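Structure first, then comments.
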Amino acid sequence: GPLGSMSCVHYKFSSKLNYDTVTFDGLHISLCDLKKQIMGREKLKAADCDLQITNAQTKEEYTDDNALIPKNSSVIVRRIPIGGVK
């Protein structure tokens, strides 16, 4: 991504063959914001699903919305159901 005041996370969706990129400010993005950006971006149903993110590099899963993903982390985005369909 643009080196400087941009912060870019390479996130590949499980539905995608490629990594996509959220450009955010700061250094890291809280999962709540990370998911909320992506859900609106890609058109996810947040009424049915939540967005489950796993790191592709460390393999760490981001379970809570407070979990933070830095631009130095390329993560995998998995769509999971909230609490209806299971």
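Under the deposited numbering, the residue at position 77 of the sequence shown is numbered 77, and the numbers go up by one with no gaps.
Where a beta carbon is used, it is the ideal one built from N, C-alpha and C, also for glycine.
The bridge partners DSSP lists for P81 are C49. Per the C-alpha coordinates, the member of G84, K71, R78 positioned closest to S5 is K71. With fewer than 16 other Cβ atoms inside 10 Å of its own Cβ, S15 counts as exposed. The beta-bridge partner set that DSSP reports for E61 consists of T54.
In the structure shown, the three-state DSSP call for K12 is strand. Bridge partners of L68 according to DSSP: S30. The beta carbon of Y19 lies closer than 8 Å to those of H10, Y11, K12, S74 in the same chain, with the five residues before and after it left out. If you check the CB distance, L34 and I53 come in under 8 Å.
At a Cβ-Cβ threshold of 8 Å, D48 and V85 count as neighbours.
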